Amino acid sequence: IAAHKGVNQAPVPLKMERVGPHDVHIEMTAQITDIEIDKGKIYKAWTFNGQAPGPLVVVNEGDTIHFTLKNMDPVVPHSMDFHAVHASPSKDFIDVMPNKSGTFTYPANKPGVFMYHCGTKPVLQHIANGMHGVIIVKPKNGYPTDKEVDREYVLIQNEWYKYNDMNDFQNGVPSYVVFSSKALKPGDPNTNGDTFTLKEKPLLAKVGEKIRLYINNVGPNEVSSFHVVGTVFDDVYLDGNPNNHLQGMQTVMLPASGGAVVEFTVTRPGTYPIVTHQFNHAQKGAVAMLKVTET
């Protein structure tokens, strides 16, 4: 796109504030930002806030979100679809023109680990170019295993294709498949979907800890066979809903847009790979590392 030539918009922080016991304001941008998705490979991503996947959003069950999108793209319209919410897509997930803002309000009444993404036609194009992310809705009564958990992180799986190439998007295999981590607490890493960062700077944990991961596979196109090497998932909550409880799963099947909360114990010091077990995808980037130390 001629109007994207030379465009690299610096990342903008997510803006979020609570405005009542059950109401939260969220402000995001749609912007065009160079991301190093593999060593030496820059993708001029269509993004929320200059991150792909986008910034993490965390709300409580029963929060109404008053969402603003500021569209910094000089020429492409953008929008927002939160899977967490009940909304009219044709009224509430509508386009915001270049250099304009739009505000939309809707309730998140279901707990879980939900995909968000741009909903501008063609949606495949907007997702594949990078406009995806996760919103976590925390359950009013927790998870039955909350007391057992020592440490938590968020991981997101996505693919990258040939740049802005709709033929490849629809008919081609992914060039890269990648994990990223998004921060829940201060000092947690916050990364983009790339083939290397979580190998070179592993997630950290202590020997003996029960780890919770909030996970979502945003696609756009592939399913994920989520697995942590050297452990077994003690508990799995499909879509992060507490009712959808499985136990003792080696591998969690995630549809495209599918999420889960998974919990597992790391019993011994070492580095534990985290993979999609569809190994072609793993080979093309989708391996993260968890480094487990005696401290």
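Start at 1 with the first residue shown and count on from there.
Comparing 270-278 with 7-15, the higher mean C-alpha B-factor in the PDB entry belongs to 7-15.
Taking the mean C-alpha B-factor of each stretch as recorded, 153-161 and 96-104 are not equal, and the higher mean is that of 96-104. Reading the B-factor column for the CA atoms of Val134, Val207, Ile127, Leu198 in the entry, the top value corresponds to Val207. Taking only the listed residues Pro74, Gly193, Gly172, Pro220, the entry reports the highest CA temperature factor at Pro74. Looking at the C-alpha B-factors along this chain, the one for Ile26 belongs to the highest third.
Looking at the C-alpha B-factors along this chain, the one for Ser180 belongs to the middle third. Compared with the other modelled residues of the chain, the Cα B-factor recorded for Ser79 ranks in the middle third. Placement of the Cα temperature factor of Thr145 within the chain: highest third of the modelled residues, per the deposited record. Split the chain's modelled residues into thirds by C-alpha temperature factor. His86 is in the middle one.
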